[PDB]
Structure formats: C-alpha cells, structure tokens
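# A closer look at the structure
One-letter residues, chain by chain:
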Amino acid sequence: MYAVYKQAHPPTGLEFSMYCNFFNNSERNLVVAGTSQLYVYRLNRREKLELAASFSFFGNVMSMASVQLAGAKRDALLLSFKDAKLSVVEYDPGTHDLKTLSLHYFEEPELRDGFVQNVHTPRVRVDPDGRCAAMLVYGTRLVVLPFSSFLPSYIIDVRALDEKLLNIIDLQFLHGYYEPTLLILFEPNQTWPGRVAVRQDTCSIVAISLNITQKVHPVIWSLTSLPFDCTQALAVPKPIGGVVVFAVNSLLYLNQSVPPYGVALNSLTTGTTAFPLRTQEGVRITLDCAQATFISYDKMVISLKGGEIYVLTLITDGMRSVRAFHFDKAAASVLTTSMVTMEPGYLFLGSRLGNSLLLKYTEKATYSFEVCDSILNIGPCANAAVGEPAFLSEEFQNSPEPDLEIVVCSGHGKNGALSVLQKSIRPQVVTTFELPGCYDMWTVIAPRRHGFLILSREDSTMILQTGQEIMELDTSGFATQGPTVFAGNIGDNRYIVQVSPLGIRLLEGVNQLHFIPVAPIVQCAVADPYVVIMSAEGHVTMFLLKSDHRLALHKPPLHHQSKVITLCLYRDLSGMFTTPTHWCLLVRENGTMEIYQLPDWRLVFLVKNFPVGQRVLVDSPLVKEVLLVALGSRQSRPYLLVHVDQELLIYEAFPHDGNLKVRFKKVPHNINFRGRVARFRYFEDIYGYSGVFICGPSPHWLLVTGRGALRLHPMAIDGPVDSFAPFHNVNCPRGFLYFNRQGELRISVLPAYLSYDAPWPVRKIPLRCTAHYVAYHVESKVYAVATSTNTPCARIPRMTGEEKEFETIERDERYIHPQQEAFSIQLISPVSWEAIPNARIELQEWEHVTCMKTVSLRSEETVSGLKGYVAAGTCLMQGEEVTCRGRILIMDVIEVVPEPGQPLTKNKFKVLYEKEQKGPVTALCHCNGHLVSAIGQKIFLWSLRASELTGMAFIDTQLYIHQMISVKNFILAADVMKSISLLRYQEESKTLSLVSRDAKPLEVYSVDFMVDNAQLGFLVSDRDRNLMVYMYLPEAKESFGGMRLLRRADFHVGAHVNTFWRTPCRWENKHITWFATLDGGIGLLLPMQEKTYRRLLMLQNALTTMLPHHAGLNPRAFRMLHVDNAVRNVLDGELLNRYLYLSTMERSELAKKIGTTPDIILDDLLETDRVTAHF
Amino acid sequence: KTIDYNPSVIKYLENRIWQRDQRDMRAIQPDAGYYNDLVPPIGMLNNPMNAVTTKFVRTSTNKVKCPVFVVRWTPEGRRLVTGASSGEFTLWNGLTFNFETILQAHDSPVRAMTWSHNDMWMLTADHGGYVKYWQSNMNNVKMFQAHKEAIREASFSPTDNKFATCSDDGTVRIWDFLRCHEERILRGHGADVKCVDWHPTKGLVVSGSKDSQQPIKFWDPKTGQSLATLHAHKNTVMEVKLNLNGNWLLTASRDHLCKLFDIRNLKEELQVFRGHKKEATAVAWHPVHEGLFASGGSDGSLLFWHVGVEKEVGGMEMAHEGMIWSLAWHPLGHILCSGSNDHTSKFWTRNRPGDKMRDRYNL
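Counting starts from 1 on each chain and follows the sequence as written, independent of the entry's numbering; residues without coordinates are not shown. Key to labels: chains lettered from A, ligands numbered from 1, both in the order written. Values shown for side chains rest on all heavy atoms present in the structure; no hydrogens or waters enter the calculation.

Glancing now at the overall build of chain B. Every helix listed is a DSSP run of H or I at least four residues long, and every strand listed is a run of E at least two residues long, numbered separately from the N terminus. Helix and strand content of chain B: one helix and 28 strands. A compact globule built from 363 residues would reach a C-alpha radius of gyration of about 21 Å, and chain B, at 20 Å, matches this within 12%. Along the longest, intermediate and shortest principal axes, the C-alpha atoms of chain B span 60 × 50 × 40 Å. Intrachain contacts of chain B at a sequence separation of at least 6 include 45% that bridge at least 24 residues. Every radius of gyration here is taken over C-alpha atoms, with the globule rule written as 2.2 Å times N^0.38, N being the number of residues. Here, residues are in contact when the closest pair of their heavy atoms is within 4.5 Å.

And the structure:
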C-alpha cells in the first residue's frame, strides 16, 4: 500500500549530444543528455572529457537542440519532453543553476485527432542561421517558434497544407534560403517492408518555406518518387547545399535544381525499388540505424549499426554539384545513439549501450582514428543477480549483516558486458593492532614513503617507526610528555612540524631544530609554508618558513568583533581565486565567513550568515570544522566542507565576476551525522585517488578524479571510524590507516579490482557478446551467464509435413546476410572475473534461451531440503511456418580436481536433465522443490525424480507467460498482454488453481513481490514506464469476490524495469524490493506505515508547489500514472531529498506551513536513508 | 501447415531490452532470409499497415456444409469457435487449424456471439430468440428467451453485469447478467434493429436500424431515454462498432459506405470509406492498432482501412466467394478470420518478407 521510491544509482547511458555554448560565447561545451538528466562537458588536454555541470530533470528528454538568441551572451537549449512540452532554458551565472526562459504546454485533446495512444515522439529542429525553431507535435502538428527575445508561436496543421503529408520520417532545415526553409520526409501512402508487390516505393519530400510575418506556407521542390524505406535526412551544409537522404539499401543526394542522384549500396534494390539507382562500387553496407554528421563541408562521418565508421566524401564538380560518392572503411567503434563533431578533429559518440567515447581523427582524404577517454556506462540492464564477494577479509567476517554485491548484464552486441556493481568500500586489512587510549593519529613523511605514525593520547604521545617492520619508537624528537594537537609536514615533505598546546616544535627527522612556545590550543593548520595556530579564546597566531629554516611569529592584524571558532588554509595550484596564492579561511562566532588573503591580511570574501546553509553564497549555529581543499586534475576545482549542527553540507566553487571572483554552490547528499578531533581528512594519492575522507558515525570517501565528478562512497563495514590517515609503506602499498571505535588500528589497502570513478564502485567485465541472463550459484560460488553471438544466417527451415527441409540461401556476392544468433552458457568465476575455461554449454543451431534462474529443487542427498540448481528454459526460433518446441535444461556445478596450472578449472557443469518438451519453454520457477515451467498456454509444475521430471499439476493460462516468480507455494505469472495470473498449489492434492487475475489488459515487463509485515504486494512494471502494486483483497467489495485484483499504489518511473531484488531490513519485517532501471539506474521501494506516510505526503504537496524546479516542470504530473483512474500511494523520494537540500532558515518555513517542527521530518527522512544502505 | 506466434514474441522480448522506441529498430529487409526478424504488432507499433493481412492460410470448412454467421476467437487465442446456420459450434484449433470439436448449441441460425471481458462467459443468441450463457469449457449454462423475434446482435457493459440484445422486432432490451432480469426496453426505433455496441467507458448503447427515418439512435442504459438521434446513411445500417478508446463511432451500411463519427461531435462528420462496390456488412476493428480496421463485403470483398488515409490500404476484391458476415482478429493482431456467405471460413495472416504476391489473391 504505502511506500516510497528512492533512486540509488543515477541513470547512465546518453541518448542526445551536441556541441554548443553553454557557459559563455568564448569556449564551447559538449552538452549530452540521457534519460531525464543533463550533463555539460568541457575538454582538457591525452584528452579527458571533464564534467562541468550535471542537471537532474523531472522528465524524459525526448529531443534537444540549441539556438543562440540575438543579444544573449550564451546559447539556449530547447528541451522537448513527453506529451508535447517544449522548454527553453539557459545556464545562469550568479546562481550556478540553469535558468528557465520559456514553457510551452501543447497538450490538447483537439490536437491528437482522436488518437489516444501516442506513438510519435516530439522533435525539435532549429535553423542554421538561427532565425526560427520548429517542433513536430504528435506526428501531425508543427509548432513554429519565431525569434523579451521571443515571439508567440503558431501551430501549422500539416494535413491542411498541400500534398497531404500525413507522416514524418524526418524533417530538417536546409541551408542557403533567406526564408527558413523546412524540408520534410513523409509517406503519403504508407507501405510496409515485406509487402512490396502492391506498393513499390512511396516516400516524398516537401520543402516548405516559412514566412514568419505573413504566416503563409508555399510548397516548393516536391519529389514524390523516393524509395519505400527511407530513414533520416541530413541537411548538406552551405557551400554545396541540398540534402542527403539515407535509405536502408540506397543513398540519395537531392537538390532543387540538380537532377536526383542516388546510388544503391547493397544489392537488395533488385525487385523492390524502381527509383533510378546506380551501383556504388566498393561499398557494401546498409543504413538503417545510422547516425551521421558533417565535417565542415564535403565530408560526412557515418556510424552504422555494427559500430563501423565510414567517411563519405561528396565528390564535387565545378558547378558545386555532386558527381558521385566515395566510401572508405575506417575504424569500428561503439554502437552509437548519437554523433557530434567537436572543433577540428574530435568526435563524440554518445551511446546508450556501451561506453560513449571521444575520437580523434587525422588525415592519412583518408582518415584514421584514435580513441580518447571513454565514459563508463551501465547499459540496458537485462537481468541481474545478487551474489556474494570473494575476498572479504577475516577481520570483518563477524559482521551481523549479509555481505553481498550485484552482477548486472549490461550493454548489447559487441559492447555486451557483465557489470559488477557495489555500494560501500570493503577495505583489505593486511595488518591489525590494538592500541587503546589513543584517539588522534597522523602520518608524516620523513626522508615518498611515510616515516612516522604519531598518536596523541590524553596523557602522552606515541610515535611509531615505519619501514620494513613497523615498530614503536623510543627516542627523542616529538615530545611524549603530553598530548599533541596536530602534526604535519612543512616545506615539501622535508621538515616535520608538530604543535603541542605549549609551543610549535620543528623537526628535521630524528633531531629537533628549534622550539617556540606560544589559553589552551584546540587546532592549528599547517598547510603550505604557513602555520596558523588558534587557541580556545579566539586568539590566532601565524608562522612561516624563513630560510636564512626557522619560523617567525607574525600575528595577523585583525579587528575581532566576535570570537573565531575554526580555521582552514588553502592555496591554488590550478586556481580560480583571482582577486600558487595562499588563502586563510576564518569563521567567527557571530555567524559569518571571512576568506583572507594570507601573505598580507585583508578581508576578501564575506558571508553574512555562514551557518544555516544558504544555497548560493555571495560577498558582503556552532560550526565545528571547516576545510577548503582542491580536488581534480592539477588540484583544479576547490570544495568547502563544513560541520554545522550534526549536518554535513559541502559547497563547490565556480567563477563569477577587489574581492574574490567566486561563489559557492551547495550540492546534495545522502550522508547524515548523529581536544578537537578533525573529521575532514584530505588525502592525496591513495590508489592514485585524491580526495577527502569524512570521519563520523557513517564514514564516506569523497573522491574527485580527472573527470571532475563528485563521488561519495560510504564505508559501512567495521562501524563508525574515529580517525584516519594516508599511509604508504614497504610491505603496504599506497593505502590508508584508520582507527576503529573499539580501538583497533588497521593497516589497509583498497581492493584493486574495482573502479571508484563511477557513482558506484564497479568492475566492467567485457564479454564482446550480448549478456542475456546471470545466475549466482550459492554452492561452489560461481555465475552462470547465457550469452549470444552474431553469425550470418545461411539456411531456411521448412516444414513439409513429413520432415524438416533446409533451404540454402543463394544470392549475389553483393548481398548482406541476415543475422543468426547462436547462444552459449558461460561460467564466470568471482575470484578472478575471467571466464572459466572448458566450461561452456553451447546450445543447438537455432536455439534461444528464454530464461535462466537459480532453481532449488529438493533432494534426499543433502541434510537440508534444497540444492540450488541452475535451470534454463530454451526453445527454437525457425520462423512462423515452423512449430516452436522447447527444451528444459537443468544444470548443477560440481567441484572436480583442477587442471594443473589453472586453479579456476575446479568447477564444471554437469547436466542432469536435457529433454525436448512438447512446445516452447518460456519461464521457469521453484515452489518447495518443484520446478514450475510454462509451456505454451499451460504451466506445468514438474517434480524432480532421480534423473527425470514428472508432471504433477497444470492449468490453462493466457497467451504468452514470460515472467514468473513465487513465494511460499503461491505463484505469480506475467503475460505479454493479460498481465497477471497468480496461482496457488495445494500440497496434499496434486492440484494447481487460479486465485485471482488483473481483468484489464496490460503490457508487462516483469513482476515482483512487495513484502510488508502481513501485506504482500505484487509489484508490476508495465512497458509504459510505470509501477503498480496489486493486492488480493476478498473482503473488499469494489473487487469481485476473490477473482479480481486491485492496484493500490501507482507511480510513473522514468525508465523501464526488468530486474527485481529483495533484501532484508536492517521496519520490523518489511523487505526492500530493489530494481535496476533499464535506462542505467537502480531504484528502491521501501514500504512504510500510514502515519509516517501522510506526514510526508503533506510535505511533497508543499515541495511540489513552492520550489522552482528545473525546466519549469510539474513533479506531480510526471509521477502521475501512465502515458507521459490513478491511485497514487508512492512518495517521490527524489523530491523529498530536496527537503534536505533546503537551508534550515528555509526548512522551518515549510514545516510551519504543514504544521510540525523540522526535527521530526529529519527523523522521518533520514531513517529511509539509513535502512536502505545495502549492497 | 501452421502460423506460430511464438518466434515473433521471443524476438520481440530480445528486442524489448535494447530498443528505446520504434525509431531505434533495425529494419526488416525484404528477402526470404530475414524471417527471424519479424516481431508481432505491439512491436513496430507505428507503421500500422504492418499486419495488414493478405496472405492466405487455410479455409476451414465443415462436413455438413452450413453457412456460418458469427466467428469469434477465444480470448486466450487457443481456438476459434464458429457459429453456423445449423446451430453448431465448430471449434477450430488456433495454430494448427485442423479440428477440435463440434457442438450443437441452438435450434436456429446462430446470430450473435460475444465473449466476456474476462475469460469467464460467452453470450450466444439465435434466430429463434434464445440467449444462452457458455463457460470457457463450452458447457451449457442457464438459458432463457430474450426476444420473440430473431436476435441479430448482442454486446455487454464495461463489466460483466449487463448485456443488451437487439432483434428484428425493433426493441433493444437491456438485461441483467446474474438474475437474467429484463431491466428496461428501448423502444421508439422505427423498425427492426440489427446492431448494438456498448461504450467501453461512458455507458452508451448505440443502435443501428433498417428504418431510414431513425437510422442510428444513441441510448442510455440507466434511464430509458434516447440520448441522441443520428441519421447518417441512406438505408439499413448493418454494423455499428466502437474503438477501445471510446472516441469513435464506426458505421457500415448497405449504401456501399463506411463512415467514422465522433460521438463528442455529432453535428459534423469524419471521413467516409468508398470502394466497396457492394454493401459493407462485417466491419471489425483491429485490437492493437487503433485507427485501422478490416471491412468485408457482400460480393466477398475484403478491405483494410486506416483512419487518416482517404483510399484503402490494401485488400481483396472478388477473392472470397459469397458474402462476408463477420470478422474477428486474434488477440494478437497477426491473423484474421472471416465468416463467408457460402460454407467456408478463411484465415489471413500478414505477408512474409521478400515474397512476390503472384497468387490468385492480391495480384
């Protein structure tokens, strides 16, 4: 009933891309966009696309274009959304968010022409000259936007124009053309590939000339005779003009004065196309899903299907006409969904499936390709299984929670891969100790490798020597007669400085250089040849290296209006602080922040209310700790990390015009909090990674690589962490070093198999073949993966009534072959993720795997009930004229003696059962040791004997059951169209029954079980980007008696869902039902009580109205059921997360408008973040 | 022979994953080697002609050779039941069309036949006036008499509670389901009424006629009030159907025409459908492709239409012998059936890629 949907992984996989101004007219930016999320990329020089701004939308971007308005200093964006929504937005300076200029709601019942079901996506096009912009609405209406700086739009009825266009394969604006001429591909008589005897070819082109002022539309240059299968059209640029029209088999160039020139590509235009086509020599290929763009003029780079890249050269004569075409075979790449030229020589290849990457091309007319840094992508997650990691250390083995990570079949085709995803970092502990009484810690470098480990007790000071064998130091140096507040290197890892409350001891090694005595000290900062020392009463003293190496006192000239609470120091290796330069940060107790220039001592930056959390700061309670650090390539972008009233809130920095030309922007979180010890501990080069470790009740690794993307990684194993230090040794590599709450020092190294640059730490495992399914086998601890391969088809099965007869395909040598898929079942080892050799079940010639699950049949061999087999249902696709029959394949992993030299070969499949069934096998399950198979319209529940399956009980179900699950003798089933038939198997009598079903027809991807204390929900994802929970309620009267199900919660997720997990709680008995969305991300459903629900439903109705959302959108109407009667009961936890982002000056205003204190809602929201910290 | 929908759906489920839309789909290329790449309707949703069936499969004929009137699919698609003039239900198989069984239902020619919204019941009428309920295992359930004159068309409410039977005495009587109770009679129609369709949401009853003065009457099920009169044809509206979306009224009459009507706007008129050289007497909408429908004829013409195109998409002239009474698509839109006016019944499935249409039909 009552639940909440949270997003754990942000969705990856880019659909759209362009190269326009975003920040300023001076530089250019790659602007890519995926499912409801916008990314802006700069480019540093190897070249590595650096992230600059990431933006989260409450919609599903359906088109994107950019046109630069006159007078503006930037370039706007035109974001097309679902159910006809255009939104002109711009980047904003000042506040770093992106501003919204215009909204245009075009959803009208009289525009859809009676068509309820919307098939066509809205398409935005803009002029090359930047005169007007156009949107194709619903496949019929054209909206024209003339170029406050806007002009009011007008809708063109296309079927009211000439020639009765009636369709829209593609539409572009042409070049030249003082009036903004719009070209339109269409089909007046639409036809279908596979029916070409009665409709040979019908595609046409109308180039319409738009008058803005007169609002009349004359048709010029109609063609009418194009081939039947034309995909996208491309506007040829200005010095040549015209248009190239990609067909599936042919390629055309079209111009208004030149006669039509068109060539065929593969010999398939024999009996289908009567358009006059030549024969392109050399070339042999098909353009059916191709993405292409122009290098400056007369050169076009085409990314085909199969990832292959060609460079088409338009051979130009003296008349600026086209003689012929030239095709060359350049390097192959990722299966793209986009294509963009960047400046001169750089190409971007945006792809949903596969890693979208950056190319470099130079001449060699003929080009060669070099691959720059790619963007990591979790692709279309088809099936994913929850497994257990292998090398978790023995120090952490006694943790009470389960320790588990997920394995995701991502990508498709040549980019097919397994993705091993994981939340919080599990460190490898190589050496542990027990050192009681000491709480602070430091590691300094004494002459790369860390020399001294310095511990501060309450009474004395421990010093440890590192090296070959780490051992406690006994000699003079650091004063062990008291505690030490902080110890750090000065200079460049040459001279060591510690500070006790009494004085500031220098040190060069084993020998103290000199001593300088200074209210009790609390903290000091010694970063970058300047040492600033602060006592408890608010006194501040500064030191400095003076080589003649002796530090002199230079107390800052300050006029204290209130007491200084905390400090920080920072300098600019690659700095934006303009007006290596040193900066002092100082926070007073009145509530202000004051950034100081450090060699002199003048006020540069001033915030009136530094506590609270105001979202964007500008110049002119009880702050604990404040740290400015730089993170990224060459220490480029700085971050402000503060500690205010048990609440972490961190700030970025961005340039904005005698003061600092910077302002600070707040970024969201998932982290919560519940002498002076430092909690914000900056580390450089731990496993090559620079960043911050954040100590507290929930530790979090803060990482920024050269990508520039902020990465927060928790660490939930081994409890809360008191202190931390970077550590580099001989027997320990580049690593780290922390205390436990129970007082155990742990030498540690990060595990090397993961990659922490991604939002979750993930190891991407390339298969170079399409991963369909994956199944963790609990016994013997391996993964079973069904994969494919693309082989050319050569035979055609026929059914003559007596036997099967294959027909050999015999065509010309200039002919492309159809794709036959041969499936095989891999076996992946979690120890090292290489596939296990000599363990592969290869299927038949035409056979396709429809399902793989880990099915626990019952056996009298084990002392438990179950064994946990791997069962695969699979059938043969040989065309519609051949009867489809299937085969149930039950496999078990058996440990054998290993082959010498190969320790991974101890595991191997043994097939218990392989028999061809009577019909197709579509889905498999398990019910108390019974295998539940769905053949045709029947759902047999087999039973496993010694060697064979024996049937017990079936029913007659609906059309094509493709998903089934079951929980304690109750099966749920999922049709393509009838969507639900939940079953029940009585034990004693061998009978299976139908309890209830969804009476409405509905498309279904996959099903799940929402679990509460007593309420068992039936979660369904449904092809329309929704989620819905059906319950079986016989006492209710709006359902019929025990026959009809009722949906109780409706929620429009942005993306498709195939996978479903259940994890326990950490919420007496309610399971979290996880899912990984098909457009990249991973989501949650957490059931709640009604009392906690309606305090937050009053919050969401306040958060929807009173906040300026991105692209002027409605967060309510986006999360309303379908399309884009509804019974909504799922909260938007991505909108409730913007309650945490508000300042607690503004947090209390919404709490008074809904009638509570802000401290209750923070108790309500942060329990959701605490219990969902699995994986 | 066979037409198995299983390799199309599995190819759709493997293409379900990595396809964002239909604009991402790899195009089926017209050769006999691209047979695996066919997906059903619901997959290749735009490009509605798809599934415009004109490939012949089999002519399912009985031994007794009686002319058939109503043919409808079982809603799980397992089997075609067929109503003939001798009151016999001949159940035809759904993939290998050979034979399943012959019932004997009525003592009259079987006129109307409809299945429930769920898989539970099947309403069947006859030329005598009796209305029987039928379980999914084809067991006879309680019977009664609805009309004194032959019942020509039936159809029930958007729930299993209430049906309406129209007959040749001119009355459209609205019935309860469980109690078999005659709720009220819809009189004032002018002459004998031959078609009735309930609205899928709003609760309307739209009736045709043979009378030219009152050809189409919108009715109310809750009251007895005639909602709106809509004279639209010259003579004898044969069939009246409604989309599953509920916006459109499609009408077939004896004046060689089919007309679309918007029930929200009865003053104006949407497009008309010529080309039937004889009367159009069997209109049947397509279940998954809203805005296209099949249309039969009395000379045997089979024509396929689409909303927005002035001409027809494609079809068959003088192919099917005799009349055509009724058509029923499979719950997946791949195969179509028809009740011929002779003593046969022909099955039509979409054209394969790469074949040349050189047979007796089409070309």
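The next subject is the overall build of chain A. When its secondary structure is counted, chain A shows four helices and 92 strands. Scaling as 2.2 N^0.38, a compact globule of 1175 residues should have a C-alpha radius of gyration of about 32 Å, and chain A matches this with 33 Å. Oriented by its inertia axes, the alpha-carbon framework of chain A measures out at about 100 × 85 × 65 Å. Relative accessibility under 20% of the residue-type maximum defines a buried residue, over 50% an exposed one, and the middle range a partly exposed one, all with a 1.4 Å probe and only protein chains included. Each of the 1175 residues in chain A was classed as buried or not, and the buried ones make up 60%. The accessible surface values rely on the Shrake-Rupley method and a 1.4 Å probe; as for residues, cover is taken only from the protein chains in view. Summed over all atoms, the accessible surface of chain A reaches about 48000 Å², with 50% contributed by carbon and sulfur.

Glancing now at a nonpolar patch on the surface. Patch construction takes residues with relative accessible area above 30% that form no salt bridge. Like charges are linked within 9 Å, and nonpolar side chains (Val, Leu, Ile, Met, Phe, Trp, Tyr) are linked within 5 Å. What makes a salt bridge here is a side-chain nitrogen of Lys or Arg within 4 Å of a carboxyl oxygen of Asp or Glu, nothing more. The grouping of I894, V896 and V897 of chain A at the surface amounts to a nonpolar patch, some 270 Å² of accessible area in total. In this fold, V897 of chain A is placed in the loop between β74 (886–895) and β75 (907–916).

Here we come to the interface of chain A and chain B. With 82 residues of chain A in contact, the opposing surface of chain B contributes 77 residues. The term buried area denotes the loss of accessible surface (1.4 Å probe radius) that occurs when two parts are joined, taken as the sum for both partners. Interface of chain A and chain B: buried area, both sides summed, is about 7100 Å²; carbon and sulfur atoms make up 56% of it. Its largest share of buried area at the contact with chain B, chain A owes to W192, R195 and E880 of chain A, together 12% of the area lost on that side. Joining chain A to chain B, the criterion identifies seven salt bridges. The closest approach of N and O atoms between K55 of chain B and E881 of chain A, which form a salt bridge, is 3.6 Å. By the criterion applied in these results, polar contacts are pairs of N or O atoms within 3.5 Å in which, for protein atoms, one can donate a hydrogen and the other can accept it, and in which residues neighboring in sequence qualify only through two side-chain atoms. There are 25 residue pairs in polar contact connecting chain A and chain B. Broken down by secondary-structure element, the contributors of at least two residues to the side of chain A that touches chain B are β3 (14–20), β67 (795–799) and β72 (847–855) of chain A. The biggest single contributor to the side of chain A that touches chain B is β67 of chain A, with three residues.

Remember that side chains alternate between the two faces of the sheet whenever the strand is regular. All names here are of chain A. Counted residue by residue, strand β52 (residues 637–644) has eight buried out of eight residues, so it is predominantly covered. Neither face of β52 is open: one carries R637, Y639, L641 and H643, the other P638, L640, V642 and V644, and all of them are buried. Two elements, strand β51 (residues 623–631) and β52, share seven bridges in a ladder whose sense is antiparallel. By the bridge assignment for β52, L628 is matched with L640. Hairpin connection between β51 and β52: a loop of five residues separates the two successive antiparallel strands, and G632 in this loop has a positive phi of roughly 130°. Strand pairing is assigned whenever DSSP identifies at least 2 bridges connecting the two strands. Two elements, β52 and strand β53 (residues 648–651), share four bridges in a ladder whose sense is antiparallel. Opposite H643, over in β53, you have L648 as the bridge partner. Hairpin connection, β52 to β53: the antiparallel pair is bridged by three residues, and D645 has positive phi, about 50°.

Residues and elements named next belong to chain B. Sequence positions flagged by UniProt for "repeat: WD" are, in local numbering, residues 63–102, 105–144, 146–185, 188–229, 232–271, 275–315 and 319–358. Secondary structure across residues 105–144 divides into 0% helix and 40% strand, with the first and last C-alpha atoms of the span separated by 13 Å. Across residues 188–229 one finds 0% helix and 31% strand; the C-alpha atoms that close the span lie 11 Å apart. UniProt positions are given in the numbering used here, feature names are shortened, and annotations may be inferred rather than shown by experiment.

Quick look at the sheet that holds strand β44 (residues 521–525) of chain A now. Residue and element names in this part refer to chain A. Within the open sheet, the three strands sit side by side as β44-β45-β46. Their pairing is antiparallel. The open sheet has two edge strands, β44 and β46 (540–543), and neither has a second partner. Ignoring which end each strand starts from, the neighbouring axes of this sheet average 20° apart. When strand β45 (residues 531–535) meets β46, the two strands line up antiparallel, connected through four bridges. Bridge pairing in β46 links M534 to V540. Inter-axis angles, ranging from 0 to 180 degrees, are taken between N-to-C directions of lines fitted to C-alpha atoms, where helices are fitted over the stretch in contact.

Residue and element names in this part refer to chain A. Those residues of helix α3 (residues 1147–1154) that fall on the buried side of the exposure criterion are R1147, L1150 and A1151. The arc that holds the buried residues of α3, viewed along the axis, is 105°, so those residues lie on one side. Within α3, the exposed residues directed more than 90 degrees away from the buried face are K1152 and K1153. Next to the buried residues of α3 lie α1 (1090–1105) and α4 (1158–1171). After α3 finishes, the residue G1155 shows a positive phi value of roughly 95°. By arc we mean the arc of the directions from the helix axis to the C-beta atoms, nothing more.

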